[PDB]
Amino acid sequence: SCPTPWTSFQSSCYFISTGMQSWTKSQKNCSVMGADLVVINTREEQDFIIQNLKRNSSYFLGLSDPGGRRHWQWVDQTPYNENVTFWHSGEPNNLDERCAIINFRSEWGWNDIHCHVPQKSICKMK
């Protein structure tokens, strides 16, 4: 028992978002409805979601890499300390963001993508 267009599974209500938007905008869209981009915790959950998708479509999941700092490691395993470093002006290079989508291939699975391309999306709410 969820709001009209939503579908229920166990503790959660699920929304399949028909519009195509960036990851951030898709997240904001779930947010106003009291939700988040979908978090998939179990195989049964994934299987439930698959039942609700169209094979001709591709959807942002609430799974991403916010980029920023690279995980610099010393070659022997000496821990890394941002204060004992001598990076030149405007250095190092930052790591680009990355977002995950789910779609149907040649079956159903996830894929990493640039965050700002528009995709459909899935909102989840307990």
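One rule holds for the numbers: they count along the sequence shown, beginning at 1. Between two forms, the rigid core is the largest collection of C-alphas that superpose within 1.5 Å.
Each structure in 4 other deposited structures of this protein is fitted to the shown form on the rigid core, and of 31 to 39 and 80 to 88 the C-alphas lie farther away on average for 80 to 88.
Take 67 to 75 and 22 to 30, fit the other structures onto the shown form by the rigid core, and average the C-alpha distances in 4 other deposited structures of this protein: the farther stretch is 67 to 75.
In the deposited entry, the stretch joining residue 106 to residue 107 is interrupted by 1 to 3 residues of the deposited sequence lacking coordinates. Stretches 52 to 60 and 87 to 95 differ in mean C-alpha B factor, with the higher average recorded for 87 to 95. Among all modelled residues in this chain, the alpha-carbon of residue 18 has a temperature factor (C-alpha) in the middle third. When the modelled residues of the chain are ordered by C-alpha B-factor, residue 26 sits in the lowest third.
Per the deposited record, the Cα B-factor of residue 47 falls in the middle third when ranked against the other modelled residues of its chain.
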